[PDB]
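Presented as structure tokens, the chain that follows is alone, the form deposited in one PDB entry.
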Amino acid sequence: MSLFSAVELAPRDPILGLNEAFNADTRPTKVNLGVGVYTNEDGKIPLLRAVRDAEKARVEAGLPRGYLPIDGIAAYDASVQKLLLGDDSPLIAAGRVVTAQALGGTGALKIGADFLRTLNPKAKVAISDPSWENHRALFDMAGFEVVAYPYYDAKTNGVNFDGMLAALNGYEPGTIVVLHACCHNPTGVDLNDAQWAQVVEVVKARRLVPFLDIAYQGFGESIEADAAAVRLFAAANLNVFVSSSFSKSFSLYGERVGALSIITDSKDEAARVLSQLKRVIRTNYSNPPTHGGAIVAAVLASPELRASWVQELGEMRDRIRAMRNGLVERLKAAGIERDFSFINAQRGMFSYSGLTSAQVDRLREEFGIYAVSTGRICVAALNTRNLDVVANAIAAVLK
């Protein structure tokens, strides 16, 4: 009968079990492919040059640290909109886009979810099959029933687009559809620009609410190309929600730098929407933190710093591609039955390897190489120092 006596232990994230086993493994050569960050060859997170440079310049200014506005640093908010929509967006010019700084991509999703709940608390939320675990968890906690649209096709290592479109073609008006812009998490399987056009047409025709989640702008093809899906929705004169993150693109995970952007029909509608979004932020955490956002805003505003960022993010994009192709080449040379060509078609930090749970267990026990029970691997955790070890271990497990 005490206040907490009925409190249960929360469900364990299945990652915790993987990390526990990895950590207890006394072999000095072990590889964790279950992570969700981009690492360097020492298994550590890089500090980007543009970030280091910006921080060094800013700390010398010794600035006071009063509160930011509820919706964050205005210049940051403006730079985010241009990064997403393009410098010459007519929506920006018409004052139709609302952007609030947020606590990463996660925070943006939350503030969007909470605002959406006030608009129509009977709407359902549709996510990809499968999706980044916190999509379902976040929207369910925000009060929504969550359903999944067909997406990943294990038989083809691609997208079951027919199943996706058929699902969308059955959703009721107001259903919130959570769409990865690119670099699908956790599978790496992405839609092409033509499949995106069909998605936009159905969302429009059925009055669905698209909620784009763009956490990897720059990891797919290019900074500009990776925004394509967001811009297609923008061009369609839809109300669109966009959660964006700089956690990965700036290697700034732990500073919690993202944004929620909403496309509205008018300046007046933008003002009303922002006014309500401010309430939802203020009663959660008042106003956002300064450091991360200030640094991203500084990098984006400086031609030199921005060019350094573009270059480095491109090197990260390209290293992932080199690892993807190196794994494919090696598994081919190894004489494996399974064709791993799909690894080059998948994009971003992850791939669904297609290893069975049994094969993943063998890979761990026999070789100290840790993949997720789903077959997920973080290709961003491969480097020239472990690539051959990993490829040879896979070749061994696959017979």
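Start at 1 with the first residue shown and count on from there. What we label the rigid core is the largest C-alpha set whose atoms superpose within 1.5 Å from one form to the other.
Beyond the structure shown, there is the form deposited in another entry, which is absent from this document and is the topic of what follows.
With the rigid core aligned between the shown form and the other one, the listed residues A113, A234, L84, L300 include just one Cα displaced by at least 2 Å, namely that of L300.
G254 shows a C-alpha shift of 2 Å or greater between the shown form and the other one [criterion: core-superposed Cα displacement of 2 Å]. When two forms of a protein are overlaid on their rigid core, residues whose CA moves 2 Å or more are considered shifted, and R52 is not one of them between the shown form and the other one.
Relative to the superposed rigid core, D268 undergoes a CA displacement of at least 2 Å between the shown form and the other one. CA of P69 to CA of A113: farther apart by 3 Å or more in the other form than in the shown form. A change of 3 Å or more separates the two forms for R65 and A215: their C-alpha atoms lie closer together in the other form.
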